[PDB]
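In what follows, a single structure is set out as structure tokens and then discussed.
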Protein chains: 2
Amino acid sequence: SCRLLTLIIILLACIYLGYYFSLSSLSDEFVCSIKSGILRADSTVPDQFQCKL
Amino acid sequence: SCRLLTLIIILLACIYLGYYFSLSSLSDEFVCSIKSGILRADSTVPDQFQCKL
Ligand SMILES: CC(C)CCC[C@@H](C)[C@H]1CC[C@H]2[C@@H]3CC=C4C[C@@H](O)CC[C@]4(C)[C@H]3CC[C@]12C
Ligand SMILES: CC(C)CCC[C@@H](C)[C@H]1CC[C@H]2[C@@H]3CC=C4C[C@@H](O)CC[C@]4(C)[C@H]3CC[C@]12C
Ligand SMILES: CC(C)CCC[C@@H](C)[C@H]1CC[C@H]2[C@@H]3CC=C4C[C@@H](O)CC[C@]4(C)[C@H]3CC[C@]12C
Ligand SMILES: CC(C)CCC[C@@H](C)[C@H]1CC[C@H]2[C@@H]3CC=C4C[C@@H](O)CC[C@]4(C)[C@H]3CC[C@]12C
């Protein structure tokens, strides 16, 4: 039972890592917008920012 | 008739000038707001300006 759980967890980890490595490699670039709350009416703040992880 | 019209116009002018001289002398200070049109959404513009004639 311990061996089977180790195998199951290793297979789940393999699935997750294979999925993660398959990500677009441009998925680390996302557009972000600080315009909630009182900054919504703020015009000195651009509509959106180019962030990169 | 010309003399009477001159007298009438002079009296009307006296009334107007007496009114004008009686103005508050602070009536030359007025608050003005450039917030029509697309500047309404503009936050870099204060709500109102202190103008003086
Ligand atoms: C233990 C061994 C079999 C692991 C091998 C890696 C496997 C699990 C990886 C490698 C490539 C991966 C796939 C790559 C792309 C996609 C498309 C996506 O829209 C859904 C997930 C899916 C379908 C992934 C599922 C997991 C996957 C099949
Ligand atoms: C540790 C275990 C739970 C890992 C299991 C794999 C995880 C990491 C991944 C592999 C493929 C992934 C799925 C791929 C595609 C989609 C379709 C999308 O519209 C909603 C998310 C969903 C349904 C993903 C959910 C998470 C997912 C199941
Ligand atoms: C030819 C002679 C009689 C001219 C004398 C000046 C007269 C016409 C001026 C001097 C003071 C003036 C008044 C000063 C203040 C006010 C109050 C305002 O709420 C209405 C106008 C009114 C009532 C003005 C009317 C004109 C007025 C009476
Ligand atoms: C050349 C002629 C027409 C000059 C006549 C006098 C003019 C300059 C002035 C003298 C007093 C003034 C009035 C004084 C007070 C008021 C009340 C206000 O709620 C509306 C304007 C009104 C009704 C003004 C209209 C203009 C007026 C009549």
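Residues are named by chain letter and number: chains run A, B, ... in the order of the structure tokens, numbers start at 1 in each chain, and ligands are numbered from 1 in the order shown.
The residue set within 8 Å of residue 45 (chain B), counting only C-alpha atoms and dropping same-chain residues fewer than 6 places from it, reads residues 34, 35 and 39 of chain B.
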Would you output that residue set with N, CA, C and O atoms, as a PDB file, in the first residue's frame?
```pdb
ATOM      1  N   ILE B  34     -13.248  74.496 -15.674  1.00  0.00           N
ATOM      2  CA  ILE B  34     -13.072  73.966 -17.034  1.00  0.00           C
ATOM      3  C   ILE B  34     -13.286  72.460 -16.940  1.00  0.00           C
ATOM      4  O   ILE B  34     -12.360  71.652 -16.963  1.00  0.00           O
ATOM      5  N   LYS B  35     -14.549  72.062 -16.889  1.00  0.00           N
ATOM      6  CA  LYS B  35     -14.833  70.638 -16.776  1.00  0.00           C
ATOM      7  C   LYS B  35     -15.999  70.239 -17.655  1.00  0.00           C
ATOM      8  O   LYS B  35     -16.817  69.404 -17.266  1.00  0.00           O
ATOM      9  N   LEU B  39     -12.884  66.906 -20.588  1.00  0.00           N
ATOM     10  CA  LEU B  39     -12.160  67.238 -19.373  1.00  0.00           C
ATOM     11  C   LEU B  39     -12.938  66.890 -18.123  1.00  0.00           C
ATOM     12  O   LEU B  39     -12.392  66.997 -17.024  1.00  0.00           O
TER      13      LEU B  39
END
```
Which residues sit within 12 Å of ligand 1, counting only C-alpha atoms and all ligand atoms, listed as a PyMOL selection string?
-> chain A and resi 7-24
What would you get as an mmCIF file with N, CA, C and O atoms, in the first residue's frame if chain B were moved onto chain A by least squares over all of its C-alpha atoms in order?
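Contents of part_33.cif, freshly written:
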```
data_model
loop_
_atom_site.group_PDB
_atom_site.id
_atom_site.type_symbol
_atom_site.label_atom_id
_atom_site.label_comp_id
_atom_site.auth_asym_id
_atom_site.auth_seq_id
_atom_site.Cartn_x
_atom_site.Cartn_y
_atom_site.Cartn_z
ATOM 1 N N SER B 1 0.824 -1.199 0.000
ATOM 2 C CA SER B 1 0.000 0.000 0.000
ATOM 3 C C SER B 1 0.860 1.251 0.000
ATOM 4 O O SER B 1 0.582 2.199 -0.745
ATOM 5 N N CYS B 2 1.918 1.278 0.813
ATOM 6 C CA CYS B 2 2.826 2.420 0.732
ATOM 7 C C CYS B 2 3.485 2.509 -0.638
ATOM 8 O O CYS B 2 3.599 3.604 -1.201
ATOM 9 N N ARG B 3 3.909 1.380 -1.204
ATOM 10 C CA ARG B 3 4.524 1.432 -2.527
ATOM 11 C C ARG B 3 3.535 1.913 -3.574
ATOM 12 O O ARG B 3 3.891 2.688 -4.466
ATOM 13 N N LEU B 4 2.284 1.480 -3.472
ATOM 14 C CA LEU B 4 1.290 1.865 -4.457
ATOM 15 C C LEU B 4 0.962 3.342 -4.344
ATOM 16 O O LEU B 4 0.769 4.016 -5.357
ATOM 17 N N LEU B 5 0.901 3.868 -3.122
ATOM 18 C CA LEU B 5 0.668 5.297 -2.978
ATOM 19 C C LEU B 5 1.846 6.100 -3.498
ATOM 20 O O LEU B 5 1.659 7.158 -4.104
ATOM 21 N N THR B 6 3.068 5.621 -3.275
ATOM 22 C CA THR B 6 4.214 6.313 -3.845
ATOM 23 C C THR B 6 4.132 6.332 -5.360
ATOM 24 O O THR B 6 4.381 7.363 -5.989
ATOM 25 N N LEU B 7 3.758 5.209 -5.962
ATOM 26 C CA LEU B 7 3.647 5.162 -7.413
ATOM 27 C C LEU B 7 2.546 6.083 -7.911
ATOM 28 O O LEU B 7 2.714 6.774 -8.920
ATOM 29 N N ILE B 8 1.416 6.120 -7.209
ATOM 30 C CA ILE B 8 0.307 6.965 -7.634
ATOM 31 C C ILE B 8 0.699 8.429 -7.559
ATOM 32 O O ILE B 8 0.431 9.210 -8.478
ATOM 33 N N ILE B 9 1.351 8.824 -6.468
ATOM 34 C CA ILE B 9 1.749 10.217 -6.312
ATOM 35 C C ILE B 9 2.813 10.587 -7.329
ATOM 36 O O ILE B 9 2.817 11.698 -7.862
ATOM 37 N N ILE B 10 3.726 9.666 -7.629
ATOM 38 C CA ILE B 10 4.744 9.953 -8.627
ATOM 39 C C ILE B 10 4.115 10.108 -9.999
ATOM 40 O O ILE B 10 4.515 10.973 -10.781
ATOM 41 N N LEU B 11 3.104 9.301 -10.310
ATOM 42 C CA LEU B 11 2.456 9.435 -11.608
ATOM 43 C C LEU B 11 1.672 10.734 -11.697
ATOM 44 O O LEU B 11 1.675 11.398 -12.740
ATOM 45 N N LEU B 12 0.999 11.116 -10.615
ATOM 46 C CA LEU B 12 0.291 12.390 -10.610
ATOM 47 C C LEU B 12 1.261 13.550 -10.751
ATOM 48 O O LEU B 12 0.983 14.522 -11.460
ATOM 49 N N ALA B 13 2.416 13.455 -10.099
ATOM 50 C CA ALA B 13 3.418 14.502 -10.225
ATOM 51 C C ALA B 13 3.972 14.559 -11.635
ATOM 52 O O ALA B 13 4.231 15.644 -12.157
ATOM 53 N N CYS B 14 4.178 13.402 -12.262
ATOM 54 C CA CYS B 14 4.624 13.394 -13.647
ATOM 55 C C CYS B 14 3.602 14.059 -14.548
ATOM 56 O O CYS B 14 3.963 14.841 -15.429
ATOM 57 N N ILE B 15 2.322 13.762 -14.346
ATOM 58 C CA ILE B 15 1.291 14.397 -15.157
ATOM 59 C C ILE B 15 1.328 15.904 -14.968
ATOM 60 O O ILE B 15 1.303 16.673 -15.935
ATOM 61 N N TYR B 16 1.406 16.349 -13.716
ATOM 62 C CA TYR B 16 1.406 17.783 -13.466
ATOM 63 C C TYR B 16 2.621 18.455 -14.081
ATOM 64 O O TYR B 16 2.505 19.525 -14.679
ATOM 65 N N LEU B 17 3.799 17.855 -13.936
ATOM 66 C CA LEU B 17 5.003 18.487 -14.458
ATOM 67 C C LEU B 17 5.019 18.470 -15.974
ATOM 68 O O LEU B 17 5.513 19.409 -16.602
ATOM 69 N N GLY B 18 4.492 17.416 -16.586
ATOM 70 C CA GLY B 18 4.400 17.401 -18.030
ATOM 71 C C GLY B 18 3.450 18.461 -18.532
ATOM 72 O O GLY B 18 3.701 19.097 -19.559
ATOM 73 N N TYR B 19 2.357 18.682 -17.811
ATOM 74 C CA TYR B 19 1.471 19.773 -18.177
ATOM 75 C C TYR B 19 2.177 21.107 -18.029
ATOM 76 O O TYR B 19 2.127 21.951 -18.926
ATOM 77 N N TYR B 20 2.855 21.305 -16.902
ATOM 78 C CA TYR B 20 3.460 22.599 -16.620
ATOM 79 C C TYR B 20 4.548 22.934 -17.624
ATOM 80 O O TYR B 20 4.640 24.071 -18.093
ATOM 81 N N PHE B 21 5.398 21.968 -17.945
ATOM 82 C CA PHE B 21 6.435 22.205 -18.935
ATOM 83 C C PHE B 21 5.851 22.488 -20.305
ATOM 84 O O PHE B 21 6.493 23.156 -21.117
ATOM 85 N N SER B 22 4.644 22.015 -20.573
ATOM 86 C CA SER B 22 3.996 22.246 -21.851
ATOM 87 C C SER B 22 3.346 23.615 -21.955
ATOM 88 O O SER B 22 2.746 23.910 -22.990
ATOM 89 N N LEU B 23 3.425 24.440 -20.919
ATOM 90 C CA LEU B 23 2.835 25.768 -20.984
ATOM 91 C C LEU B 23 3.502 26.596 -22.079
ATOM 92 O O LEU B 23 4.595 26.290 -22.553
ATOM 93 N N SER B 24 2.818 27.664 -22.483
ATOM 94 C CA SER B 24 3.147 28.356 -23.722
ATOM 95 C C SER B 24 4.492 29.062 -23.698
ATOM 96 O O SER B 24 4.953 29.494 -24.758
ATOM 97 N N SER B 25 5.097 29.242 -22.527
ATOM 98 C CA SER B 25 6.376 29.931 -22.359
ATOM 99 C C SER B 25 6.250 31.424 -22.625
ATOM 100 O O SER B 25 7.195 32.182 -22.402
ATOM 101 N N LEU B 26 5.095 31.849 -23.119
ATOM 102 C CA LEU B 26 4.698 33.244 -23.112
ATOM 103 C C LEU B 26 3.576 33.485 -22.127
ATOM 104 O O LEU B 26 3.071 34.606 -22.040
ATOM 105 N N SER B 27 3.166 32.454 -21.399
ATOM 106 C CA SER B 27 2.140 32.598 -20.386
ATOM 107 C C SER B 27 2.627 33.388 -19.191
ATOM 108 O O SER B 27 1.813 33.748 -18.337
ATOM 109 N N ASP B 28 3.925 33.661 -19.105
ATOM 110 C CA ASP B 28 4.450 34.494 -18.038
ATOM 111 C C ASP B 28 4.235 35.976 -18.286
ATOM 112 O O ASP B 28 4.492 36.776 -17.386
ATOM 113 N N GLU B 29 3.787 36.358 -19.471
ATOM 114 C CA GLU B 29 3.438 37.736 -19.772
ATOM 115 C C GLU B 29 1.936 37.892 -19.644
ATOM 116 O O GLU B 29 1.180 37.245 -20.370
ATOM 117 N N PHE B 30 1.503 38.742 -18.731
ATOM 118 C CA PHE B 30 0.092 39.030 -18.583
ATOM 119 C C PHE B 30 -0.106 40.525 -18.436
ATOM 120 O O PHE B 30 0.787 41.244 -17.991
ATOM 121 N N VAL B 31 -1.270 40.984 -18.848
ATOM 122 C CA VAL B 31 -1.633 42.389 -18.755
ATOM 123 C C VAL B 31 -2.431 42.603 -17.482
ATOM 124 O O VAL B 31 -3.406 41.893 -17.225
ATOM 125 N N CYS B 32 -2.034 43.588 -16.693
ATOM 126 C CA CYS B 32 -2.612 43.828 -15.381
ATOM 127 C C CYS B 32 -3.100 45.264 -15.305
ATOM 128 O O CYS B 32 -2.515 46.155 -15.921
ATOM 129 N N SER B 33 -4.180 45.488 -14.562
ATOM 130 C CA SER B 33 -4.828 46.793 -14.504
ATOM 131 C C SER B 33 -5.127 47.161 -13.060
ATOM 132 O O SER B 33 -5.934 46.499 -12.406
ATOM 133 N N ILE B 34 -4.489 48.217 -12.563
ATOM 134 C CA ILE B 34 -4.765 48.706 -11.204
ATOM 135 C C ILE B 34 -5.829 49.787 -11.344
ATOM 136 O O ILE B 34 -5.576 50.988 -11.266
ATOM 137 N N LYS B 35 -7.072 49.353 -11.499
ATOM 138 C CA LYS B 35 -8.143 50.326 -11.661
ATOM 139 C C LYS B 35 -9.375 49.922 -10.881
ATOM 140 O O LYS B 35 -10.500 50.114 -11.348
ATOM 141 N N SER B 36 -9.189 49.343 -9.711
ATOM 142 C CA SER B 36 -10.294 49.087 -8.810
ATOM 143 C C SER B 36 -10.357 50.180 -7.758
ATOM 144 O O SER B 36 -9.364 50.842 -7.456
ATOM 145 N N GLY B 37 -11.546 50.374 -7.208
ATOM 146 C CA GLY B 37 -11.652 51.366 -6.168
ATOM 147 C C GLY B 37 -11.544 52.773 -6.725
ATOM 148 O O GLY B 37 -11.952 53.063 -7.850
ATOM 149 N N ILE B 38 -10.971 53.664 -5.916
ATOM 150 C CA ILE B 38 -10.897 55.067 -6.287
ATOM 151 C C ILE B 38 -9.935 55.330 -7.428
ATOM 152 O O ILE B 38 -9.949 56.426 -7.989
ATOM 153 N N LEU B 39 -9.098 54.369 -7.787
ATOM 154 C CA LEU B 39 -8.233 54.571 -8.937
ATOM 155 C C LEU B 39 -8.972 54.422 -10.249
ATOM 156 O O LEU B 39 -8.391 54.695 -11.301
ATOM 157 N N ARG B 40 -10.226 53.985 -10.213
ATOM 158 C CA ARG B 40 -10.999 53.847 -11.437
ATOM 159 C C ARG B 40 -11.172 55.194 -12.114
ATOM 160 O O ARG B 40 -11.098 55.303 -13.343
ATOM 161 N N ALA B 41 -11.406 56.227 -11.297
ATOM 162 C CA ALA B 41 -11.618 57.605 -11.794
ATOM 163 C C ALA B 41 -10.274 58.292 -12.055
ATOM 164 O O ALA B 41 -10.276 59.373 -12.676
ATOM 165 N N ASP B 42 -9.162 57.686 -11.618
ATOM 166 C CA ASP B 42 -7.798 58.268 -11.782
ATOM 167 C C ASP B 42 -7.345 58.186 -13.247
ATOM 168 O O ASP B 42 -7.212 57.060 -13.759
ATOM 169 N N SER B 43 -7.103 59.338 -13.884
ATOM 170 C CA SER B 43 -6.685 59.383 -15.313
ATOM 171 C C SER B 43 -5.158 59.383 -15.481
ATOM 172 O O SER B 43 -4.704 59.239 -16.632
ATOM 173 N N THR B 44 -4.394 59.530 -14.394
ATOM 174 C CA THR B 44 -2.908 59.547 -14.502
ATOM 175 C C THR B 44 -2.386 58.110 -14.614
ATOM 176 O O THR B 44 -1.211 57.930 -14.978
ATOM 177 N N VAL B 45 -3.255 57.144 -14.312
ATOM 178 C CA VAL B 45 -2.966 55.713 -14.338
ATOM 179 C C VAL B 45 -3.388 55.149 -15.694
ATOM 180 O O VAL B 45 -4.564 55.261 -16.056
ATOM 181 N N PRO B 46 -2.481 54.541 -16.443
ATOM 182 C CA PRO B 46 -2.870 53.907 -17.701
ATOM 183 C C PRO B 46 -3.854 52.780 -17.468
ATOM 184 O O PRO B 46 -4.025 52.281 -16.357
ATOM 185 N N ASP B 47 -4.522 52.385 -18.548
ATOM 186 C CA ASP B 47 -5.584 51.400 -18.421
ATOM 187 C C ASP B 47 -5.037 50.044 -18.018
ATOM 188 O O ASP B 47 -5.709 49.289 -17.310
ATOM 189 N N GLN B 48 -3.830 49.708 -18.463
ATOM 190 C CA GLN B 48 -3.285 48.392 -18.188
ATOM 191 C C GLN B 48 -1.771 48.409 -18.313
ATOM 192 O O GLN B 48 -1.204 49.221 -19.044
ATOM 193 N N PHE B 49 -1.128 47.496 -17.593
ATOM 194 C CA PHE B 49 0.319 47.401 -17.521
ATOM 195 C C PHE B 49 0.778 46.055 -18.053
ATOM 196 O O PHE B 49 0.080 45.051 -17.924
ATOM 197 N N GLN B 50 1.969 46.038 -18.636
ATOM 198 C CA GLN B 50 2.559 44.808 -19.153
ATOM 199 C C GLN B 50 3.477 44.230 -18.092
ATOM 200 O O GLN B 50 4.603 44.691 -17.917
ATOM 201 N N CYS B 51 3.010 43.210 -17.389
ATOM 202 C CA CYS B 51 3.804 42.542 -16.375
ATOM 203 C C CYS B 51 4.368 41.239 -16.916
ATOM 204 O O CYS B 51 3.786 40.621 -17.804
ATOM 205 N N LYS B 52 5.513 40.832 -16.382
ATOM 206 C CA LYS B 52 6.125 39.565 -16.751
ATOM 207 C C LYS B 52 6.607 38.840 -15.510
ATOM 208 O O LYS B 52 7.289 39.429 -14.670
ATOM 209 N N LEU B 53 6.271 37.561 -15.409
ATOM 210 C CA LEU B 53 6.716 36.723 -14.302
ATOM 211 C C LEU B 53 8.096 36.189 -14.637
ATOM 212 O O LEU B 53 8.233 35.204 -15.359
#
```
Looking only at strand (DSSP E or B) from DSSP on the backbone, list the matching residues of chain A as a PyMOL selection string.
-> chain A and resi 29-32+49-52
